[PDB]
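**Q**
Residue numbers (the deposited numbering): 1 to 136.
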């Protein structure tokens, strides 16, 4: 009849592990099974231990991070992000944490399984056969 919340929210992590190259743009897929309890989204690499803030929906000037989909819209479950200019020092495992709207600030509610990033060292030049046109 009149039901808005379907079950209990849950961090959906389709991409078990991403694959990119030093200097490429990674795609950390993420989506919740619901919007309740309401709350923003925050990424952290190494959840539980050594967790480093990757992105912050609430605020934060992150140029490298380009929201794959508009979050301003209404009822936007898709919370996937794209970190451009990937580095071999940022690799590891990004855990999509679903923070719940709270005061004075949000509060950790769910923790994504943890998407492992596979940063592939920069590429290399092709087999350089001397300097000159084909001979013999």
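Beta carbons are placed, not taken as given, at the ideal position from N, Cα and C, and that holds for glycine.
Per DSSP, what kind of secondary structure is residue 111 in: helix, strand or coil?
**A** Against the chain shown, residue 111 aligns to sequence position 111. DSSP places residue 111 in strand when its eight states are reduced to three.
**Q** Of the choices 119, 133, 114, 134, whose alpha-carbon is the least far from that of residue 44?
**A** The count along the chain shown starts at 1 and reaches residue 44 at position 44. Taking only the C-alpha atoms, the option nearest residue 44 is 114.
**Q** Going by the DSSP bridge assignment, what does residue 62 pair with across the sheet?
**A** Counting from 1 along the chain shown, the entry for residue 62 is found at position 62. Answer is none; residue 62 lacks a bridge partner.
**Q** In angstroms with no decimal places, state the Cα-to-Cα distance between residue 41 and residue 80.
**A** As a position in the chain shown, residue 41 is number 41, starting the count at 1. As a position in the chain shown, residue 80 is number 80, starting the count at 1. Roughly 10 Å between the two C-alpha positions.
**Q** Cutting at 8 Å between CB atoms, please list the residues of its own chain near residue 15, excluding the five before and the five after it.
**A** As a first step, residue 15 is located in the chain shown; it is residue number 15 there, counting from the start. 27, 28, 29, 115.
**Q** Whole angstroms is fine: what's the gap from residue 75's alpha carbon to residue 35's?
**A** Here residue 75 refers to the residue found at position 75 of the chain shown. Here residue 35 refers to the residue found at position 35 of the chain shown. So the two alpha carbons sit approximately 7 Å from each other.
**Q** Less than 8 Å between C-beta atoms, sequence neighbours within five positions excluded: which residues of the same chain meet that for residue 88?
**A** Position 88 of the chain shown holds residue 88. Only 22, 119, 121 meet the Cβ criterion.
**Q** Below 8 Å on the Cβ atoms is my guess for residue 82 versus residue 25; work out the distance and round it to an integer in Å.
**A** For this step, residue 82 is matched to residue 82 along the chain shown. For this step, residue 25 is matched to residue 25 along the chain shown. Sure, about 5 Å apart at Cβ, within 8 Å.
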